[PDB]
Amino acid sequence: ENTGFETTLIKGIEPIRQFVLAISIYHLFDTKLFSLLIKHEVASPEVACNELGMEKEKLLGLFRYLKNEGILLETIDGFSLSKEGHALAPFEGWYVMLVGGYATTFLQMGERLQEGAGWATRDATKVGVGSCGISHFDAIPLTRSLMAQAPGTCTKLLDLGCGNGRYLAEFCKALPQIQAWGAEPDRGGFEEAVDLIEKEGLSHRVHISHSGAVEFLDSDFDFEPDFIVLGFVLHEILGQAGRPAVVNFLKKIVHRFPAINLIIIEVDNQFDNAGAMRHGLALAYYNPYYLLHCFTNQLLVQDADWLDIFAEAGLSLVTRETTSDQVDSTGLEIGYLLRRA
């Protein structure tokens, strides 16, 4: 009979309905259709196709799908972002990072669970670009707050694992005296960083290198940074190379630059903390973030584990802060301002 089955089916596949919506919103941003709709206000599929070099029948299908979900409006003149569509604008970075960067990673979990199957891969170009977009809201203001509390003023800034260079673009625009250097090991992210710096008119003040963090510190250069930012990069080194390697890397930084101010941003691993995981942002963001870190070659640890690593590396904590409670009130994103002990 299957009595009452349909009502249970509609609820049972609600995650699938939102799964397709999340990928469709990601493409709406990533293909620049979102930016096109903002600029044109109303655009026919023909006009959007001519501008972005797309095929009309496929574009009309995406637009009809989004209109059925209320993201777009359709009039005789074409399609436009609805109020709900416009409201998505600030969240671009989260879609780019988690869908663009990590969709393949989540899809690989079944095969990667097998004994000896290795780490799930990701699209590190989208992870870096998306992460930088998110950092505009949480990590960049946290880094700015920590920088203002250091005894010295920043004049030469080094950002290792810089993604598309958004921290350097924001700090340099706000603080005109700064000269900066970013290192990004992902080739795609490195190319986006060189492009962003050029587009912002900062190429005379900011250089980007295609390099990993450890290899950059082992390389030869005359730049003498007074600040180094490690935004969510130490846990990647921790997973990739191990704890002794992280301690040695931090020791190398203060051996080479004894007067440097280090700003480290990390996520506290509270995956197994029942109360922390009930916060709406811990469930929407941190729960999938913790899951992907169990399948990739990256290792999140607790606030106390980081403090112990800093002590072992011969670093003193100047101050520790979490993000503004207006953007992320979980207390899981922590910034540390450190100096040589």
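Numbering starts at 1 and follows the sequence shown.
Stretch comparison (26-34 versus 49-57) by mean CA B-factor in the PDB entry places 49-57 on top. In this entry, 146-154 shows the higher mean Cα temperature factor of the pair 146-154 and 121-129. Sorting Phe91, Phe137, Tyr102, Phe79 by the CA temperature factor given in the entry leaves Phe79 at the top. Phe190 sits in the middle third of its chain by CA B factor, as recorded in the PDB entry. When the modelled residues of the chain are ordered by their C-alpha B factor, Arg64 lands in the middle third. Split the chain's modelled residues into thirds by C-alpha temperature factor. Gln270 is in the lowest one. Looking at the C-alpha B-factors along this chain, the one for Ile197 belongs to the highest third. In the deposited entry, the Cα temperature factor of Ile309 sits in the middle third of values across the chain's modelled residues.
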